[PDB]
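Top line first, the protein sequences correspond to chains A and B.
First residue of the first sequence: -1, per the deposited numbering; consecutive thereafter.
Numbered by the deposited numbering, the letters in the second sequence go through residues 4 to 212, 226 to 428 in order.
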Amino acid sequence: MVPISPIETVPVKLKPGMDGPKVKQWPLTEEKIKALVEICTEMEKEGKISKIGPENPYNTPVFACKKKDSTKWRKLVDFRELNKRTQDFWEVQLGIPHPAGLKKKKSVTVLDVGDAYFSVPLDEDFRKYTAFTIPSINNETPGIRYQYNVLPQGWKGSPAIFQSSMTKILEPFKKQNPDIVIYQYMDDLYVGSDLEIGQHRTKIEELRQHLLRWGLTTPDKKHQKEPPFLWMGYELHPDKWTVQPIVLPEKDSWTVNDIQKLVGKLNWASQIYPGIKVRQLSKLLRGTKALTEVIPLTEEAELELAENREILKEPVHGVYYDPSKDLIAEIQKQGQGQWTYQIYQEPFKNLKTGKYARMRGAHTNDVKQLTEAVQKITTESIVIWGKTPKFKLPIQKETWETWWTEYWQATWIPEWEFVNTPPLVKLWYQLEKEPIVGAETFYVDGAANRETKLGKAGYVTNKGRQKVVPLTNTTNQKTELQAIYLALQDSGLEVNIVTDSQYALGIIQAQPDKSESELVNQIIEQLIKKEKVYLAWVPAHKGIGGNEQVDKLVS
Amino acid sequence: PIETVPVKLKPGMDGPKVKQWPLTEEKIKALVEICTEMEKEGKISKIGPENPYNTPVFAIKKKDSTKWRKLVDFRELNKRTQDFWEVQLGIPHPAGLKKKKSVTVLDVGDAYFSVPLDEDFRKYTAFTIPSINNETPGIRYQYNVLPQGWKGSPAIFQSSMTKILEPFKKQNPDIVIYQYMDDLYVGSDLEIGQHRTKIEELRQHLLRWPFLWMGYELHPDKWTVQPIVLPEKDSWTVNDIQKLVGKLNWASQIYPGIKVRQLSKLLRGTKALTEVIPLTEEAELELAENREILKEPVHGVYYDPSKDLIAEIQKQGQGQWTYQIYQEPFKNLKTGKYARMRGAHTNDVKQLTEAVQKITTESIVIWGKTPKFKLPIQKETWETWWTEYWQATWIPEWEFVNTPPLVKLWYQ
DNA sequence: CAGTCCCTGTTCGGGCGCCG
DNA sequence: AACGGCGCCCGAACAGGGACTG
Ligand SMILES: Cc1cn([C@H]2C=C[C@@H](COP(=O)(O)OP(=O)(O)OP(=O)(O)O)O2)c(=O)[nH]c1=O
Ligand SMILES: [Mg+2]
Ligand SMILES: [Mg+2]
């Protein structure tokens, strides 16, 4: 006979055709034994845990880990087998709140619900599926087995149920206090208002007594009344916010697992520290698949690491969001496909920073990667502020106009303005739209053997110029690119090039300035040196122009 | 007082589990106000996390309208109930709708809220309203009545719709009325004044039983096609003929009678691209014959009602967009071109969005289906902006392609 | 015409950071 | 040694289209 809590239960079922968990316990140290017997006894008197008998043919191993920055212990239940047989839940946590999205509030209070999961009841018909034994002695007393009447920690349905239950309890209080902002993330509550300090504490106590009606306690242990407030891993001040101090490890010998933690902290730090790069550091995590393997730092990864530690020396901070002012996002090119940005409303008062260094595609250019960065910043801004910032981009209006009007795919950038901060983004060469009068016409082609991997590449011209180059360990695609490279090498500043390769033409027409292919990069270098290049395509094996003549030479 | 029509998913398929995407501030505020009124009226109810299903939701404004409309992306749920709104309770498509002089589209989705939904099926209509900066967890609802945007809503309401439209069709036997999704397509051969007058009579027929005041007008008789055309020059260069032979060779996949023998003979040798080549007597003969074949229709091209429609769009530049609708490759049921749409010369995504909506509307009128689109755009670019410019209550299927223009096929 | 190859694309799961 | 959320950078597995060969 246990009292039913005021919180409405969530009807939880299991996947049909499956039973409950039947897993043997795990032998643990005697320190863990003396830390769990005192918990199950306290939860039994408080009604949070009921005792069962032989009528429950289920079992699940448990353990514990130390609470962060405390002497208390966190009781965990390894429900990994129960989660496989429990129904799926739809998660209601859609993201992480960011301090740059918080508005200015005169009074701020950060609460913390004590025993979050242990205060929300479990489904009545589901409590029988949560069985676990607690041995008093490691090899003497069999230990009476208990069950769960609340939400166990370790179950895949506990977070979704608590977050949904906490919302229904706060809904009546928010309806009675509309001007009060309550950021509800798990059990931690951020309460802000423009009321005076005295009147603010009054509504805080009203909220504490409101939650107490459903058995939710807000102890004065983790009750924050004075700034700076520690919320979501940040330091919240009345007029600014900053990330809690980030400590980077400084080992003499670097392994693989150490760099993974290093890049992760720099990714977390780049949200407010401008100019953080992790290209050369993450480049070391390629190929090697041994976490306990020492990796020597390259000269590029060492200079990148030294520049990141210097940025973290001077303290930085972000500001809060003012809806009366516009959102500005300015991007800088860091080179080698690296982009950094800052989002602000007043000059040099950054709300947050960030970086975009993703390399998608074997061939691309700065204009494509800038477009991708704009899209990343836009979606990120809609999550945090619900609107798109005005962009300040290091690309000329004429440059962008030339790119998007001529590209074959739909592409667009929202309202933006040019900012003259080198290095500027530009197109490094422009293919002509009509053939060039007086320029030599090169008919290029390339063939390769599928078996021997041998091939040829060459050209013929209208002036009688001709070349055929034998190639070893190649493909048909590589010989077509090689044929174009030969034409660019052996031609003047202005040249017309005719090819039948849809593969090669598609790469070059997209005006790439960088490539994972060394051959394409050499082709790009030649295209930049030229003054006029006209690429033309013809269907192969049709007796068209000199394409039939060069086809005989290479095949 | 109405028995709920039993609805079941297609055997072997679970409900939709699609994540909600981020919404702008004005869209979230619009949905919070709309869903509050719907919950007060019992149309929707709040649910918990024990419902594992979810469908995205956002808001739109129709053309020349300042009112927010709630739009649920039921595309996943619709193809998981395909044997319901196509096999069991299907709506026949009138072939005469496309022949009418004027067709008006009326939003009648509000009438679906008067019919309850099957209790065993309501769990599949779940959606989640997000919050700015994740201040609060997602607010989940589910529909208690027939939801707008679900293809099962007009199928269940079809029996109710027939009795309401029964007197009006008797009064005007020449008017064709087609129902697709939340819309009602009304076509007639009356004059503009007579047509709009008869449209208002139909509105009053529905009133005696919030977007009914709007009327998007169409003119399918004014719809044109964009055939494959060849250039006509006074002088021809080597490059001009190489482009012509390349275009005619690709067109041979559609018209098997096209020949390039006499035209390829003009390119004998290794000539400069800009060198002028006079057309021989046989070359003029072959080029004149190919121009007539492009006017002749394609053999064995007809609509199969059991096959899906496919739409390809090409960005031609300067506000020009070409498109082809087909079921089998090189068997185009319709080709066309759009020019000077909204966003021309400034926004590709708005134009592409406008083009998709136009093509889908044409497909609903002509065949009663929406095509699956092959969009010439990167996925991340489209998924970032398309909801900002969407003005329709339905959403077609689409995929993303990247085909560089090796030869201008549909627009020289 | 099938069956491959070459090349490029997306998807997904895990590594790490971070929150509770 | 547990669960859920979001982000990044990584590699393996898979998909799809042009082109060559039997
Ligand atoms: C940190 C953490 C948390 N949780 C769940 C449980 C309760 C909520 C909040 O956890 P908590 O605030 O740190 O502990 P809590 O149970 O609230 O007890 P208090 O310290 O607040 O009194 O999230 C979890 O399941 N695993 C974890 O590692
Ligand atoms: Mg707590
Ligand atoms: Mg070739």
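Heads up, the beta-carbon is just placed ideally off N, CA and C, and yes, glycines get one too.
| query | result |
| --- | --- |
| Beta-carbon contacts of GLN332(A) that lie in its chain and below 6 Å, excluding the five residues immediately before and after | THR338 |
| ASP113(A) beta carbon near ligand 1 (any heavy atom closer than 7 Å) | yes |
| Start-to-end residues for the alpha helix (DSSP H) that takes in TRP252(A) | Segment: none, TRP252(A) is in no alpha helix (DSSP H) and carries neither H nor E. |
| Simplified DSSP state of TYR181(B), which is helix, strand or coil | strand |
| Check: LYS220(A) C-beta below 7 Å from any heavy atom of ligand 1 | yes |
| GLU291(A) versus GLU300(A) - alpha carbon distance | 18 Å |
| is_contact[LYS249(B), chain A] using C-beta, thresh 8 Å | no |
| Residue-level contact to chain B via CB, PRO9(A), 8 Å cutoff | yes |
| Beta-carbon spacing of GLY18(B), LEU74(B) below 8 Å | no |
| Between the CA atoms of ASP67(B) and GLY93(B) - distance to the nearest angstrom | 32 Å |
| Residue burial classification, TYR441(A) (beta-carbon count within 10 angstroms, cutoff 16) | buried |
| Three or more C-beta pairs below 8 Å linking the stretch 140 to 149 of chain B and the stretch 46 to 56 of chain B | yes |
| Inter-stretch contact at 8 Å, needing at least 3 Cβ pairs: the stretch 123 to 139 of chain A / the stretch 160 to 169 of chain A | no |
| Selection from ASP86(A), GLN174(A), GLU430(A) that minimises the alpha carbon distance to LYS528(A) | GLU430(A) |
| Chain-ordered residues of the stretch 305 to 335 of chain B with a beta carbon less than 7 Å from chain A | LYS331, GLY333 |
| Beta carbon proximity, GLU478(A) to chain B, threshold 8 Å | no |
| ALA267(A), DSSP secondary structure in three states | helix |
| Strand pairing of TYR318(A), partner residues [DSSP] | None, per the DSSP bridge assignment. |
| Contact between the stretch 241 to 253 of chain B and the stretch 290 to 297 of chain B (3+ Cβ pairs under 8 Å) | yes |
| Alpha-carbon to alpha-carbon, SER515(A) and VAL493(A) | 23 Å |
| Sequence-distant residues of the same chain with beta carbon closer than 6 Å to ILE375(B), five excluded per side | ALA327, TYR339 |
| Own chain, CB closer than 6 Å to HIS96(A), minus 5 neighbours either side, in chain order | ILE382 |
| Spatial neighbours of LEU422(A) in its chain, beta-carbon cut-off 6 Å, leaving aside the 5 residues before and after | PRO392 |
| Boundaries (first-last residue) of the beta strand (DSSP E) holding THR107(A) | 105 to 110 |
| Straight-line Cα distance separating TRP337(B) from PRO392(B) | 11 Å |
| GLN207(A) burial status per 10 Å Cβ neighbour count (16 or more: buried) | exposed |
| Local Cβ density within 10 Å of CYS38(A), reported as buried at 16 or more and exposed below that | buried |
| Proximity below 8 Å, CB of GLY359(B) to CB of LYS353(B) | no |
| Assigned exposure category for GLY51(A) - 16 Cβ within 10 Å defines buried | exposed |
| Minimum C-alpha distance to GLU203(B) - residue among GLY99(B), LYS323(B), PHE171(B) | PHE171(B) |
| Reduced DSSP category for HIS361(A) - H, G, I as helix; E, B as strand; rest coil | strand |
| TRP153(A), buried or exposed, once every other Cβ within 10 Å from all chains shown has been counted against 16 | buried |
| Rounded separation between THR128(B) and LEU92(A) - CA only | 19 Å |
| Any chain B beta carbon closer than 8 Å to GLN174(A) | no |
| Inter-residue spacing [alpha-carbon to alpha-carbon] between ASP186(A) and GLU344(A) | 31 Å |
| Straight-line gap, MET184(B) to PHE227(B) (C-alpha atoms, nearest Å) | 14 Å |
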